[PDB]
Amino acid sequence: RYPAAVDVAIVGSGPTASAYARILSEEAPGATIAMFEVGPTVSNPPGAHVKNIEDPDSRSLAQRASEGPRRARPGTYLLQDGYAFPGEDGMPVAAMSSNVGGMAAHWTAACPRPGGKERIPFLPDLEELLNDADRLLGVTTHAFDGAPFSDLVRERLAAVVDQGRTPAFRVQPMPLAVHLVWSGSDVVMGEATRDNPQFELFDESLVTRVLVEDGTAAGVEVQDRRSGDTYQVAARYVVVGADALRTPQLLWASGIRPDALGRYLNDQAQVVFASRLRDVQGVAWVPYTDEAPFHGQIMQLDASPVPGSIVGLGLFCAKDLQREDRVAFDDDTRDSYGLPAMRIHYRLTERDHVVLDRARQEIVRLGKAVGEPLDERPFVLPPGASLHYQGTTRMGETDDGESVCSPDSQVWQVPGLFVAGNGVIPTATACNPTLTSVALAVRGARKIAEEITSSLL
């Protein structure tokens, strides 16, 4: 089923792995690419957002088919065990998506820009890569210029936030990846990847091990889930863009076990709240700051949550990074895919509860600016509800034992092996990470595309 050897073997089919296929299909057109996705194809084109399916029954079929083989939202599935431990909080609602397109087939396409300490300091071309990620995701800030209540909510929030703030951190329209239709991985891959005769997407293909020959990346061990047969595809470069959890799992199962692998895991603590407008008859952005480490997004709700005039407020906190926030794998216990079972060690420090308390007070302050608060008390979601897990394969300047990959997202111990996703982000971020993670993927894919085009082999 699979080719015996390719140039680049891509694990996963989310937006970050698709960004590797995108830049390689743009900058390295002669390189043969093999993308292996454990989940099935649930949309047309492969990786499109499920909302492109107008039929709710067909759309529910696409969502439920992505939930793998305390409830998870449509298109995602939770862990069955190893999500909490005595003495720690863990992530009881740590969810995952197994389908072509990954979570980008079910996400809401909010692509804000990092600011302050969120921005990775040792990347001088960060803004350059962030604009490129805007190009691949189709990000636009003017998707709701004709909305009646978008401008009203935005100006009423600005009356309490924009005080003393520079324009980059004032209330502004949330940059959205819209293609009406939310942009999925089909947008990231685009015509350049689908029309690339050297690229091929293999769905229902589980990658069980990363092959290493003489220290460098050798290939991937791919199990054909249609038949159960395990193949071995050779590759000069291996990109693992599974997710924030299964990416360190695949490396752990491959014997690639650095000290920082999975450690420094950080979830974005999320607070929700609702409020009502005041007039009779889009998504707003409350940017992060260092002194207010919260990321706010306000948007219209179809109806009131409690028994477009009603808005839903969501604040996301930046985590106090801890090394003991490790992702642990057990070789003896296997999950439903035959890979090592996950042990999630997550505990909010006192600094976390201090910031979380401030987020509840600030979202109430924001709810009073929009109008009459529909709710009475802001609700804190369980850890892992934001689906924004970082640091598990984080980048660093050196291999001091605190990072897993280079600034080019290249794993230190395994040359030719690259990791993609939110886990690559090493900083304490609060905004939606997918845009930044795609920007890091463009730098890593350009590191491969330049090494291929410049090589003599």
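The numbering used is simple: start at 1 and walk along the sequence shown.
In terms of unmodelled positions of the deposited sequence, the chain runs continuously from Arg225 to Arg226 in this entry. Between 9-17 and 445-453, it is 445-453 that carries the larger average Cα temperature factor according to the deposited entry.
Look at the mean CA B-factor for 272-280 and for 381-389 in the entry; the higher one is 272-280.
Taking the PDB entry at face value, the top CA B factor among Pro45, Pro40, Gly423, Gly401 belongs to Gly401. Which of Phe169, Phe202, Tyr83, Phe294 has the largest Cα B-factor in the deposited entry comes down to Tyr83. In this PDB entry, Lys51 carries a Cα temperature factor that places it within the middle third of its chain's modelled residues.
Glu26 sits in the lowest third of its chain by CA B factor, as recorded in the PDB entry.
Sort the chain's modelled residues by C-alpha temperature factor and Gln322 lands in the highest third, per the entry. When the CA B factors of the chain's modelled residues are split into thirds, the value for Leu417 lands in the middle one. Ranked by C-alpha B-factor against the other modelled residues of its chain, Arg394 falls in the lowest third.
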